[PDB]
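# Breakdown of the fold
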Amino acid sequence: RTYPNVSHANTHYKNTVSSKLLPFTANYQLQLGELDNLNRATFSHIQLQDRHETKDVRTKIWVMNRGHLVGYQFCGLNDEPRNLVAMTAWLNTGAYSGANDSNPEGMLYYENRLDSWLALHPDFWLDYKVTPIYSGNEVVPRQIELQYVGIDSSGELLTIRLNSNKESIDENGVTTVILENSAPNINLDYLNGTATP
């Protein structure tokens, strides 16, 4: 249900002040960037309410594994390459094995708290964009950028605080968090998409 110190503030900016967001149509939208010339995903961008989530109790069943850009319970996508990148387990769920939504180095910390915010504010919208950052020809992104802001019924931006020291707010109240695609005990080959201790 809830996490400590997850909140928002109304900025009183109309969403149209930002060029970073999806247009506010008051309909669910999911926009996926093209696969680029190296077949890499480029972004995944959603705008949703709590009612639109795909809350599945169960989901579908070395060389690095691929993790979602926008997490599953927001977008409901299975195996869509434009929403997948090679990702460490550390980045994906915040632990080498299993899941740790306390760990602010992992995506799950942020997405679970955004989900809690959505559930507490069923009439408001989350605009949330996840962008992998690549260097050169590398097929594994070095970093993933999470960008989020809330939108109320009247289209005004709500700055959402998830209580992490990584949240950077721009001059319209839109928050960006940059996470590293690495893990404590592992070296990655960013070029070929493999890992070793």
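- In the PDB header, X-ray crystallography is given as the technique by which the entry was determined, and 1.70 Å as its resolution.

- Looking at the PDB entry, the protein carries the name SPD1 NUCLEASE, with the source organism given as Streptococcus pyogenes serotype m1.
- The title given to this PDB entry is "extracellular endonuclease".

## With respect to the overall build of the protein
- For the protein, the count of helices and strands is three helices and 12 strands.
- Computed over its C-alpha atoms, the radius of gyration of the protein comes to 16 Å, within 12% of the 16 Å expected for a compact globule of 197 residues.
- Seen through its C-alpha atoms, the protein measures out along the principal axes to roughly 50 × 35 × 30 Å.

## Section: unusual backbone geometry
- Its identity as a non-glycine residue notwithstanding, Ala26 has a phi of 55°, on the positive side.
- Note that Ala26 resides in the loop between β1 (7-14) and β2 (29-32).
- A residue is classified by how much of its surface remains accessible, and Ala26, at 43% relative accessible area, is partly exposed.
- Although it is not a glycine, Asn163 sits at a positive phi angle of roughly 65°.
- Take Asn163: it is sitting in the loop between β8 (156-161) and β9 (168-169).

## Quick look at the pairing of strand β6 (residues 125-133)
- In terms of burial, β6 is a largely internal element, eight of the nine residues being buried.
- Relative to β6, strand β3 (residues 44-48) runs antiparallel, the two being bridged by five bridges. Across the sheet, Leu48 pairs through a bridge with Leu126, a residue of β6.
- Across nine bridges, β6 lies against strand β7 (residues 143-151) in antiparallel orientation.

## A closer look at the nonpolar core
- Within the largest apolar cluster, 30 residues are counted, with the highest numbers of intra-cluster contacts made by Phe74, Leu126, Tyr128 and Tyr148.
- Only β3, α1 (72-75), α3 (107-120), β6, β7, β8 and β10 (175-180) provide two or more residues apiece to this core.
- Setting aside residues no more than four positions away along its own chain, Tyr128 makes contact with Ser44, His45, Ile46, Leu69, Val70, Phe74, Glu111, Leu114, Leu146, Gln147 and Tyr148.

Parameters at a glance
- Numbers on residues come from counting from 1 along each chain's written sequence, not from the entry itself, and any residue without coordinates is not displayed.
- Hydrogens are left out, water is left out, and the side-chain values use all remaining heavy atoms of the structure.
- Residues with missing side-chain atoms are left out of burial classes, side-chain pairs and their counts.
- Under the scheme used here, helices are H or I runs from DSSP no shorter than 4 residues and strands are E runs no shorter than 2 residues, and both carry numbers assigned from the N terminus.
- Both definitions apply: the radius of gyration is a C-alpha atom measure, and the globule rule equals 2.2 Å times residues to the power 0.38.
- Think of it in three bands: with a 1.4 Å probe and only protein chains considered, a residue is buried below 20% of the maximum accessible area for its type, exposed above 50%, and partly exposed in between.
- DSSP calls a pair of strands paired once it identifies at least 2 bridges connecting them.
- Think of a nonpolar core as a cluster: buried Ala, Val, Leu, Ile, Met, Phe, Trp, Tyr and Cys residues, connected wherever their side-chain atoms sit within 4.5 Å.
- Only heavy atoms enter the contact rule, under which two residues are in contact if any of them lie within 4.5 Å.

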